[PDB]
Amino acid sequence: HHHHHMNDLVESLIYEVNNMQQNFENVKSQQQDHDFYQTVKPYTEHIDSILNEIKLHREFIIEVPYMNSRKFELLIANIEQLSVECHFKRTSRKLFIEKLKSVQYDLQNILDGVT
């Protein structure tokens, strides 16, 4: 409900989802998984912190155009999943990039809505 904070939260996830794309590109070129405890755990926990905040604004966000309760829950899960998958060389490019595009698509609609 407080939307310059929501703005920054959403812009924060946008930045982070872009970062996830670069991480995926790095594990793929390098053909090496990132270290679970030194890289993956801390990263996914930092993503969880942002998501925990954005969940506090659930009631507002679900009411913006293009959003609803179900779509909000899938968006969160999709972002969590990407935050992990981007660290694995075996992650499918086809499925990862499709899910990333879908997440950036939702995030933009939210950004428009909270603005």
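Note that residue numbering follows the sequence shown and begins at 1.
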According to the deposited model, is the average Cα temperature factor higher in 4 to 12 or in 104 to 112? 4 to 12
Is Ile54 in the lowest, middle or highest third of its chain when residues are ranked by C-alpha B-factor? highest
Classify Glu45 as lowest, middle or highest third according to the C-alpha B-factor given in the PDB entry, relative to its own chain. highest
Where the record places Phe88 (Cα B-factor, split into thirds across the chain): middle
Sorting the chain's modelled residues by C-alpha B-factor and splitting them into thirds places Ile76 in the middle
Sort the modelled residues of this chain by their C-alpha B factor and say whether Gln38 lands in the lowest, middle or highest third. middle
